[PDB]
Amino acid sequence: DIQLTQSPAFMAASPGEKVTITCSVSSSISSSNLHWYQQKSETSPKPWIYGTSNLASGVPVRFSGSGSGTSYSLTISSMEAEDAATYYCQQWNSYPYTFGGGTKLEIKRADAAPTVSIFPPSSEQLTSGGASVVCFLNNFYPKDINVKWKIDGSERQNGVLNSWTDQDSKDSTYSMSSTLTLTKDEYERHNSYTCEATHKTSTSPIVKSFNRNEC
Amino acid sequence: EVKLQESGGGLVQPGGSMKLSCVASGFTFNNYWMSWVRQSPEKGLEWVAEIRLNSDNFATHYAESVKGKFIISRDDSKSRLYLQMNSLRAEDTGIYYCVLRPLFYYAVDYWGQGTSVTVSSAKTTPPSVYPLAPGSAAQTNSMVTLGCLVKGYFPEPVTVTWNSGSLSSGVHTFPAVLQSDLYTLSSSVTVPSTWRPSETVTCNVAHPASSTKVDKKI
C-alpha cells in the first residue's frame with residue numbers, strides 16, 4: 001500500500017473566495033505523475049489536472065495546481081458555483097495506483113427557509129396494500145436539518161425514510177424527502193397527519209398537514 | 001479525442017461471473033495502457049486492473065484484492081477491452097470506469113462513464129410508481145408541487161424523467177434508499193403558480209430489469 005491523503009475533507013466557500021485543497025504522498029514520488037480528478041454528483045471522475053500543473057481540456061484557467069515532493073495542492077482563484085464538486089488526487093508512479101480520500105467543496109449561501117409539502121397516499125397504492133404519507137421539503141439551506149412526523153401528537157416515527165439531495169446548481173440549496181410508511185389498518189386509524197420541520201431559519205417550525213380531502 | 005463506451009453491467013448471485021467491456025474509438029494509438037478503476041460508497045475509487053501495451057503484446061498487473069479473481073484482456077484487432085471477473089463478492093459491487101491513457105510524452109488519459117455491478121444474493125423486482133398530486137391545497141406562494149414515489153424494485157440502476165424529459169426546471173430526483181433488500185426513491189417537480197390543466201404532466205420511469213411505467217396527476 002502507497003498512500004495519498006487530503007487536507008481537508010469538507011470545505012465551505014463564499015462565491016469569490018480562494019480555495020486550496022492539498023494532497024500528499026506517503027513516499028516521495030514525482031510531481032509529474034500526480035493527476036487530479038473532479039467528480040460532480042450523479043456522474044464520473046472528470047480528469048481535471050494532469051502533470052502537477054497541467055489543466056485538462058476545458059478546465060477553467062482560474063484553477064491552479066503545484067507541488068514537488070510529498071505535498072501537492074490545488075487552488076481555485078475565485079471560487080464560483082460550478083466548482084462545487086468533490087475533487088480527488090491520484091498516483092500513477094508505481095503500482096498500485098492509489099487515490100486520495102477526495103476533498104468535498106461546496107458553495108456558501110444565505111440561510112433560506114424550505115418549501116415543505118405533504119402529499120397523502122396515492123389512489124393506486126392504497127388499494128394495492130400498504131400506504132405512505134409522503135412529505136417533501138424543498139430548497140432549504142444549510143443541510144444541518146432535522147424532521148419528525150407526528151400524527152395526533154404522539155410523534156409516530158416508524159417507517160420514516162429520510163432521503164436528501166446534493167446541492168442545486170441553479171439556486172444551490174438542498175432539498176429532502178422522507179416517507180412514513182404504514183400498513184393500512186394503522187392508516188384509517190388516525191387523522192391529524194402533520195409534517196413539522198425544524199431548521200435554523202424560523203424558531204416557529206413549519207407544519208404542512210392534512211386531515212381529510214379524500215374521504 | 002475519444003469515445004469509450006462500456007457495456008455488460010448488471011447483478012449476479014455472489015460467486016457469479018461477468019465480462020465488462022468497453023470499445024475504443026478514435027484511438028489507434030500505436031502505444032497506450034488501459035485499466036479498470038471502480039467506485040462504491042464503501043471504498044471511494046480504486047485502481048482494480050490494467051493490461052499494458054507499450055508494444056510488448058500483453059503485460060498485466062492487479063492488486064491486493066482482485067488478483068486470482070479477474071483478468072484484463074483486450075485485443076486491438078477487436079477494438080475492445082474485456083474484463084472478466086470471477087468468484088465475486090459483496091465487496092466488489094460498484095461502478096467500473098474504463099480509462100485509457102496513451103504514452104505520448106504528455107497529454108492526459110481519458111475515462112468513460114461506467115455501469116453498475118451488483119453482487120447480491122437476492123432477486124430482481126420491478127418498481128411500483130405512484131402519482132403524487134396534491135391532497136387539498138398546495139399553498140406556499142404561487143406554484144405547485146407534484147411528485148412520484150417509487151417503491152420496491154431491486155437491482156440499483158434506475159431512471160426517472162418528468163414528461164419525456166422535456167421539463168427540467170425544478171425537478172429533484174432523490175438518492176434512493178434501501179430497507180429490506182428493496183429500494184424506494186421519489187422525485188419532484190414544482191411547476192407554475194396556476195395549478196395547470198395538470199393534463200399534460202406525466203412522470204415517466206425506466207428500470208432495466210424489464211419495466212417502464214408512466215403517470216398522471218389528479
# chains A, B, ... in the order shown; residues from 1 in each chain; ligands from 1
>>> interface_residues(of="chain A", to="chain B", cutoff="8 Å", atoms="only C-alpha atoms", output="PDB file with C-alpha atoms, in the first residue's frame")
ATOM      1  CA  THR A  43     -21.544  11.486 -12.766  1.00  0.00           C
ATOM      2  CA  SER A  44     -17.957  10.061 -13.238  1.00  0.00           C
ATOM      3  CA  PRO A  45     -14.434  11.268 -12.439  1.00  0.00           C
ATOM      4  CA  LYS A  46     -13.595  14.121 -14.761  1.00  0.00           C
ATOM      5  CA  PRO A  47      -9.848  14.468 -15.457  1.00  0.00           C
ATOM      6  CA  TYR A  50      -2.515  16.211 -15.280  1.00  0.00           C
ATOM      7  CA  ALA A  56      -7.104  19.261 -18.862  1.00  0.00           C
ATOM      8  CA  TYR A  95       1.701   0.090  -8.914  1.00  0.00           C
ATOM      9  CA  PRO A  96      -0.547   0.100  -7.232  1.00  0.00           C
ATOM     10  CA  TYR A  97      -2.029   3.437  -8.347  1.00  0.00           C
ATOM     11  CA  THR A  98      -3.775   4.855  -5.289  1.00  0.00           C
ATOM     12  CA  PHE A  99      -6.104   7.802  -4.739  1.00  0.00           C
ATOM     13  CA  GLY A 101      -9.905  10.327   0.127  1.00  0.00           C
ATOM     14  CA  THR A 115     -40.897  24.817   0.916  1.00  0.00           C
ATOM     15  CA  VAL A 116     -42.493  21.950   2.887  1.00  0.00           C
ATOM     16  CA  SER A 117     -45.046  19.755   1.152  1.00  0.00           C
ATOM     17  CA  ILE A 118     -47.134  16.770   2.250  1.00  0.00           C
ATOM     18  CA  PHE A 119     -48.959  14.702  -0.342  1.00  0.00           C
ATOM     19  CA  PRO A 120     -51.118  11.944   1.245  1.00  0.00           C
ATOM     20  CA  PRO A 121     -51.171   8.318  -0.045  1.00  0.00           C
ATOM     21  CA  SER A 122     -51.939   7.665  -3.725  1.00  0.00           C
ATOM     22  CA  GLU A 124     -53.305   3.486  -6.760  1.00  0.00           C
ATOM     23  CA  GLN A 125     -51.232   2.312  -3.850  1.00  0.00           C
ATOM     24  CA  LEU A 161     -37.200   7.068   5.388  1.00  0.00           C
ATOM     25  CA  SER A 163     -33.550  10.932   1.793  1.00  0.00           C
ATOM     26  CA  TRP A 164     -31.550  14.030   0.859  1.00  0.00           C
ATOM     27  CA  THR A 165     -30.136  15.886  -2.184  1.00  0.00           C
ATOM     28  CA  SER A 175     -33.970  19.563  -0.633  1.00  0.00           C
ATOM     29  CA  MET A 176     -35.127  16.371   1.062  1.00  0.00           C
ATOM     30  CA  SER A 177     -37.826  13.755   1.251  1.00  0.00           C
ATOM     31  CA  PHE A 210     -53.609  17.075   6.100  1.00  0.00           C
ATOM     32  CA  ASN A 213     -59.616  15.882   1.455  1.00  0.00           C
ATOM     33  CA  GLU A 214     -60.026  12.391   0.133  1.00  0.00           C
TER      34      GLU A 214
END
>>> select_by_dssp(residues="stretch 44-126 of chain B", states="helix (DSSP H, G or I)", output="list in words")
residues 76, 77, 78, 90, 91 and 92 of chain B
>>> select_by_dssp(residues="stretch 59-120 of chain B", states="strand (DSSP E)", output="PyMOL selection string")
chain B and resi 70-73+82-85+94-102+116-119
>>> write_last_selection(atoms="N, CA, C and O atoms", output="CSV table (one decimal), in the first residue's frame")
chain,number,residue,atom,x,y,z
B,70,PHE,N,-10.0,-11.5,-11.2
B,70,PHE,CA,-10.4,-11.0,-12.5
B,70,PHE,C,-9.1,-11.1,-13.4
B,70,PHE,O,-8.0,-11.2,-12.9
B,71,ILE,N,-9.4,-11.0,-14.8
B,71,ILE,CA,-8.3,-10.9,-15.7
B,71,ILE,C,-8.5,-9.9,-16.8
B,71,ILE,O,-9.5,-10.1,-17.6
B,72,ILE,N,-7.7,-8.9,-17.0
B,72,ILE,CA,-7.8,-8.0,-18.0
B,72,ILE,C,-7.4,-8.7,-19.2
B,72,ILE,O,-6.7,-9.6,-19.2
B,73,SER,N,-8.0,-8.3,-20.4
B,73,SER,CA,-7.7,-8.8,-21.7
B,73,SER,C,-8.3,-7.8,-22.7
B,73,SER,O,-9.2,-7.2,-22.3
B,82,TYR,N,-11.8,-6.3,-22.7
B,82,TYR,CA,-12.7,-7.2,-21.9
B,82,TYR,C,-12.2,-7.4,-20.5
B,82,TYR,O,-11.0,-7.5,-20.3
B,83,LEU,N,-13.1,-7.4,-19.5
B,83,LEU,CA,-12.7,-7.7,-18.1
B,83,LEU,C,-13.6,-8.6,-17.3
B,83,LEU,O,-14.5,-8.2,-16.5
B,84,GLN,N,-13.2,-9.9,-17.4
B,84,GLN,CA,-13.9,-11.0,-16.7
B,84,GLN,C,-13.5,-11.1,-15.3
B,84,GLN,O,-12.4,-11.3,-14.9
B,85,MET,N,-14.6,-11.1,-14.4
B,85,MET,CA,-14.4,-11.2,-13.0
B,85,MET,C,-15.1,-12.4,-12.5
B,85,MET,O,-16.2,-12.7,-12.8
B,94,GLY,N,-20.0,-2.1,-7.4
B,94,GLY,CA,-19.6,-0.7,-7.7
B,94,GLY,C,-19.8,-0.4,-9.1
B,94,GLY,O,-20.4,-1.2,-9.9
B,95,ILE,N,-19.3,0.8,-9.5
B,95,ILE,CA,-19.3,1.2,-10.9
B,95,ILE,C,-17.9,1.1,-11.5
B,95,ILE,O,-16.9,1.6,-10.9
B,96,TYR,N,-17.8,0.4,-12.6
B,96,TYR,CA,-16.5,0.2,-13.2
B,96,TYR,C,-16.2,1.2,-14.3
B,96,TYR,O,-17.0,1.3,-15.2
B,97,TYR,N,-15.2,2.0,-14.1
B,97,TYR,CA,-14.8,3.0,-15.0
B,97,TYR,C,-13.8,2.4,-15.9
B,97,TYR,O,-13.0,1.6,-15.4
B,98,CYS,N,-13.8,2.8,-17.2
B,98,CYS,CA,-12.8,2.2,-18.1
B,98,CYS,C,-12.1,3.3,-18.7
B,98,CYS,O,-12.7,4.2,-19.3
B,99,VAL,N,-10.8,3.4,-18.3
B,99,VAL,CA,-10.0,4.6,-18.6
B,99,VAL,C,-8.7,4.2,-19.4
B,99,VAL,O,-8.0,3.3,-18.9
B,100,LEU,N,-8.5,4.8,-20.5
B,100,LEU,CA,-7.3,4.5,-21.3
B,100,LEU,C,-6.5,5.8,-21.5
B,100,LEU,O,-7.0,6.9,-21.7
B,101,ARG,N,-5.2,5.6,-21.3
B,101,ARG,CA,-4.3,6.7,-21.5
B,101,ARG,C,-3.2,6.3,-22.4
B,101,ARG,O,-2.9,5.1,-22.5
B,102,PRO,N,-2.8,7.2,-23.3
B,102,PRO,CA,-1.7,6.9,-24.2
B,102,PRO,C,-0.4,7.4,-23.7
B,102,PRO,O,-0.3,8.4,-22.9
B,116,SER,N,-23.3,-0.1,-13.3
B,116,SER,CA,-23.3,-0.8,-12.0
B,116,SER,C,-23.1,-2.3,-12.1
B,116,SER,O,-23.5,-2.9,-13.1
B,117,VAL,N,-22.5,-2.8,-11.1
B,117,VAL,CA,-22.4,-4.3,-10.9
B,117,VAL,C,-22.9,-4.5,-9.5
B,117,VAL,O,-22.4,-3.8,-8.6
B,118,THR,N,-23.8,-5.4,-9.3
B,118,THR,CA,-24.4,-5.6,-8.0
B,118,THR,C,-24.3,-7.0,-7.6
B,118,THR,O,-24.9,-7.9,-8.3
B,119,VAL,N,-23.6,-7.3,-6.6
B,119,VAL,CA,-23.4,-8.7,-6.1
B,119,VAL,C,-24.3,-8.7,-4.9
B,119,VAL,O,-24.2,-8.0,-3.9
>>> residues_around(residues="stretch 27-32 of chain A", least_positions_apart="6", cutoff="12 Å", atoms="only C-alpha atoms", output="VMD selection string")
(chain A and resid 1 to 5 49 to 54 65 to 73 89 to 95 97) or (chain B and resid 105 to 108)
>>> write_last_selection(atoms="N, CA and C atoms", output="CSV table (one decimal), in the first residue's frame")
chain,number,residue,atom,x,y,z
A,1,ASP,N,0.8,-1.3,0.0
A,1,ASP,CA,0.0,0.0,0.0
A,1,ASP,C,0.8,1.3,0.0
A,2,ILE,N,0.4,2.2,-0.9
A,2,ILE,CA,1.0,3.6,-1.1
A,2,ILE,C,-0.1,4.6,-0.9
A,3,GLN,N,0.1,5.6,-0.1
A,3,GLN,CA,-0.9,6.5,0.4
A,3,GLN,C,-0.9,8.0,0.2
A,4,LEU,N,-2.0,8.5,-0.4
A,4,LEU,CA,-2.2,9.9,-0.5
A,4,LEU,C,-3.4,10.2,0.4
A,5,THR,N,-3.3,11.4,1.2
A,5,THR,CA,-4.5,11.8,2.0
A,5,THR,C,-4.7,13.3,1.7
A,49,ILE,N,-6.7,17.8,-13.6
A,49,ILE,CA,-5.3,18.2,-13.7
A,49,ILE,C,-4.3,17.1,-14.0
A,50,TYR,N,-3.5,17.2,-15.0
A,50,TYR,CA,-2.5,16.2,-15.3
A,50,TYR,C,-1.2,16.9,-15.2
A,51,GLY,N,-0.1,16.1,-14.9
A,51,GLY,CA,1.1,16.7,-14.5
A,51,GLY,C,0.9,17.1,-13.1
A,52,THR,N,1.5,18.1,-12.6
A,52,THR,CA,1.2,18.6,-11.3
A,52,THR,C,0.6,20.0,-11.5
A,53,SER,N,0.8,20.5,-12.7
A,53,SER,CA,0.4,21.8,-13.0
A,53,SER,C,-0.3,21.9,-14.4
A,54,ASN,N,-0.5,20.8,-15.1
A,54,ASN,CA,-1.2,20.9,-16.4
A,54,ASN,C,-2.7,20.8,-16.1
A,65,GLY,N,-2.6,24.3,-10.0
A,65,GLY,CA,-2.0,23.2,-9.3
A,65,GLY,C,-0.5,23.3,-9.2
A,66,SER,N,0.1,22.8,-8.2
A,66,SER,CA,1.5,22.9,-7.9
A,66,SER,C,2.0,22.0,-6.8
A,67,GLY,N,3.3,21.6,-6.8
A,67,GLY,CA,3.8,20.9,-5.7
A,67,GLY,C,5.1,20.3,-6.1
A,68,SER,N,5.8,19.6,-5.2
A,68,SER,CA,7.0,18.9,-5.6
A,68,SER,C,7.4,18.3,-4.3
A,69,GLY,N,7.5,16.9,-4.4
A,69,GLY,CA,7.9,16.2,-3.2
A,69,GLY,C,6.8,15.4,-2.7
A,70,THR,N,6.4,15.6,-1.4
A,70,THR,CA,5.3,15.0,-0.8
A,70,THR,C,3.9,15.8,-0.8
A,71,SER,N,4.0,17.1,-0.8
A,71,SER,CA,2.8,18.0,-0.8
A,71,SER,C,2.4,18.7,-2.1
A,72,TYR,N,1.3,18.2,-2.7
A,72,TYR,CA,0.7,18.8,-3.9
A,72,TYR,C,-0.5,19.5,-3.6
A,73,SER,N,-0.8,20.7,-4.1
A,73,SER,CA,-2.1,21.3,-3.8
A,73,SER,C,-2.9,21.7,-5.0
A,89,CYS,N,-7.2,13.2,-5.7
A,89,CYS,CA,-5.9,13.1,-6.3
A,89,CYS,C,-5.5,11.6,-6.7
A,90,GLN,N,-4.5,11.5,-7.5
A,90,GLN,CA,-4.1,10.1,-7.9
A,90,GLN,C,-2.7,9.9,-8.3
A,91,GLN,N,-2.2,8.8,-7.9
A,91,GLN,CA,-0.8,8.4,-8.1
A,91,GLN,C,-0.6,7.3,-9.2
A,92,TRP,N,0.1,7.7,-10.3
A,92,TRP,CA,0.4,6.7,-11.4
A,92,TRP,C,1.9,6.5,-11.5
A,93,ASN,N,2.6,6.6,-10.3
A,93,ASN,CA,4.1,6.4,-10.2
A,93,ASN,C,4.5,4.9,-10.2
A,94,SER,N,4.1,4.2,-9.1
A,94,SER,CA,4.4,2.7,-9.0
A,94,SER,C,3.1,2.1,-8.7
A,95,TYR,N,2.9,0.9,-9.3
A,95,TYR,CA,1.7,0.1,-8.9
A,95,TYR,C,1.9,-0.2,-7.4
A,97,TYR,N,-1.7,2.0,-8.2
A,97,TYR,CA,-2.0,3.4,-8.3
A,97,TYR,C,-3.1,3.7,-7.3
B,105,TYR,N,4.4,11.8,-24.8
B,105,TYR,CA,5.2,12.2,-23.6
B,105,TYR,C,4.2,12.8,-22.7
B,106,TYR,N,3.4,13.8,-23.2
B,106,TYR,CA,2.3,14.3,-22.4
B,106,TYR,C,1.0,14.6,-23.1
B,107,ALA,N,0.0,14.3,-22.3
B,107,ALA,CA,-1.4,14.7,-22.5
B,107,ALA,C,-2.0,14.0,-21.3
B,108,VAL,N,-3.3,13.6,-21.4
B,108,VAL,CA,-3.9,13.2,-20.2
B,108,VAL,C,-4.7,12.0,-20.7
>>> residues_around(residues="residue A:129", least_positions_apart="2", cutoff="9 Å", atoms="only C-alpha atoms", output="list in words")
residues 125, 126, 127, 131, 183 and 184 of chain A
>>> residues_around(residues="residue A:199", least_positions_apart="4", cutoff="10 Å", atoms="only C-alpha atoms", output="ChimeraX atom specification")
/A:111-114,140-147,203-206
>>> closest_residue(among="B:56, B:6, B:91, B:156", to="residue B:183", atoms="only C-alpha atoms")
B:156
>>> residues_around(residues="residue A:61", least_positions_apart="2", cutoff="12 Å", atoms="only C-alpha atoms", output="count of residues only")
17
>>> residues_around(residues="residue B:80", least_positions_apart="2", cutoff="8 Å", atoms="only C-alpha atoms", output="count of residues only")
9
